[PDB]
Amino acid sequence: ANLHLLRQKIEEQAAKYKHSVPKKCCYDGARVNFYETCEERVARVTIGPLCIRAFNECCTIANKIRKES
Ligand SMILES: [Ca+2]
Ligand SMILES: [Ca+2]
Ligand SMILES: [Ca+2]
Ligand SMILES: [Mg+2]
């Protein structure tokens with residue numbers, strides 16, 4: 001994968017969340033890289049819509065970057 005680009009793009013998106021809790025949701029989302037899809041994995045995130053959106057968007061960004069490497 002392109003870990004330098006990955007870091008950069010996740011930083012870009014994480015900066016949009018203005019609290020450390022949804023920031024962490026983003027960062028955790030971007031770590032998703034096993035057999036579960038972003039949709040499957042986010043289904044178990046239960047701390048609110050912002051957290052869910054952050055997880056989703058960062059997981060999707062990370063997935064795109066890994067696929068394109
Ligand atoms: Ca912190
Ligand atoms: Ca977690
Ligand atoms: Ca605990
Ligand atoms: Mg935990």
# chains A, B, ... in the order shown; residues from 1 in each chain; ligands from 1
$ residues_around --residues "region 59-61 of chain A" --least-positions-apart "2" --cutoff "10 Å" --atoms "only C-alpha atoms" --output "VMD selection string"
chain A and resid 6 9 to 10 13 25 to 33 37 to 39 41 to 42 53 to 57 63 to 66
$ residues_near_ligand --ligand "ligand 4" --cutoff "12 Å" --atoms "only C-alpha atoms and all ligand atoms" --output "VMD selection string"
chain A and resid 24 to 25 28 44 to 47
$ residues_near_ligand --ligand "ligand 1" --cutoff "10 Å" --atoms "only C-alpha atoms and all ligand atoms" --output "MDAnalysis selection string"
chainID A and resid 19:21 23:24
$ residues_around --residues "residue 2 (chain A)" --least-positions-apart "2" --cutoff "10 Å" --atoms "only C-alpha atoms" --output "VMD selection string"
chain A and resid 4 to 7 62 65 to 69
$ closest_residue --among "A:51, A:17, A:40, A:8" --to "ligand 2" --atoms "only C-alpha atoms and all ligand atoms"
A:51
$ select_by_dssp --residues "chain A" --states "helix (DSSP H, G or I)" --output "PyMOL selection string"
chain A and resi 3-14+20-30+38-42+49-67
$ decode --residues "chain A" --atoms "C-alpha atoms" --output "CSV table (one decimal), in the first residue's frame"
chain,number,residue,atom,x,y,z
A,1,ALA,CA,0.0,0.0,0.0
A,2,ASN,CA,0.9,3.7,-0.2
A,3,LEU,CA,1.1,4.4,3.5
A,4,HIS,CA,2.5,7.9,3.1
A,5,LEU,CA,-0.5,9.0,0.9
A,6,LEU,CA,-2.9,7.1,3.2
A,7,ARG,CA,-1.6,9.0,6.2
A,8,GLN,CA,-1.9,12.3,4.3
A,9,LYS,CA,-5.5,11.7,3.1
A,10,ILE,CA,-6.8,10.4,6.4
A,11,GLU,CA,-5.2,13.5,8.1
A,12,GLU,CA,-7.1,15.7,5.6
A,13,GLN,CA,-10.4,14.1,6.4
A,14,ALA,CA,-9.9,13.8,10.1
A,15,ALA,CA,-9.2,17.5,10.2
A,16,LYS,CA,-12.9,18.0,9.3
A,17,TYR,CA,-14.1,16.5,12.6
A,18,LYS,CA,-13.7,19.1,15.4
A,19,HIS,CA,-13.7,16.8,18.4
A,20,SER,CA,-11.3,14.0,19.4
A,21,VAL,CA,-14.0,11.4,19.7
A,22,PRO,CA,-15.2,11.6,16.1
A,23,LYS,CA,-11.6,12.1,15.0
A,24,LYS,CA,-10.8,8.7,16.7
A,25,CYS,CA,-13.8,7.2,14.9
A,26,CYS,CA,-12.2,8.4,11.6
A,27,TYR,CA,-8.8,7.0,12.5
A,28,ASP,CA,-10.3,3.6,13.6
A,29,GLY,CA,-12.4,3.5,10.4
A,30,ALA,CA,-9.2,3.9,8.4
A,31,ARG,CA,-7.6,0.9,10.1
A,32,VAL,CA,-10.2,-1.4,8.7
A,33,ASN,CA,-8.3,-3.7,6.4
A,34,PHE,CA,-9.4,-7.3,7.0
A,35,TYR,CA,-12.3,-9.5,5.6
A,36,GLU,CA,-15.1,-7.2,6.8
A,37,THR,CA,-16.2,-4.4,4.5
A,38,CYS,CA,-16.6,-0.8,5.8
A,39,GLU,CA,-20.4,-1.3,5.8
A,40,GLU,CA,-20.1,-4.6,7.7
A,41,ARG,CA,-17.7,-3.2,10.3
A,42,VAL,CA,-19.4,0.2,10.9
A,43,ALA,CA,-22.6,-1.6,11.8
A,44,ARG,CA,-21.3,-2.3,15.3
A,45,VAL,CA,-20.3,1.3,16.0
A,46,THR,CA,-23.0,2.6,18.4
A,47,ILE,CA,-21.9,6.1,19.6
A,48,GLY,CA,-23.9,8.3,17.3
A,49,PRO,CA,-24.3,9.6,13.8
A,50,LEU,CA,-21.2,11.8,13.6
A,51,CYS,CA,-19.0,9.0,14.8
A,52,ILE,CA,-20.6,6.6,12.3
A,53,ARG,CA,-20.2,9.2,9.4
A,54,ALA,CA,-16.5,9.7,10.4
A,55,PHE,CA,-15.8,6.0,10.6
A,56,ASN,CA,-17.5,5.4,7.2
A,57,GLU,CA,-15.8,8.2,5.3
A,58,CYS,CA,-12.3,7.4,6.5
A,59,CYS,CA,-12.8,3.7,6.1
A,60,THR,CA,-13.9,4.3,2.5
A,61,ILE,CA,-10.9,6.7,1.8
A,62,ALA,CA,-8.4,4.2,3.2
A,63,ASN,CA,-10.0,1.4,1.2
A,64,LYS,CA,-9.7,3.3,-2.1
A,65,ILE,CA,-6.1,4.1,-1.5
A,66,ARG,CA,-5.2,0.5,-0.6
A,67,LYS,CA,-6.9,-0.8,-3.7
A,68,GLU,CA,-5.1,1.7,-6.0
A,69,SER,CA,-1.6,0.9,-4.7
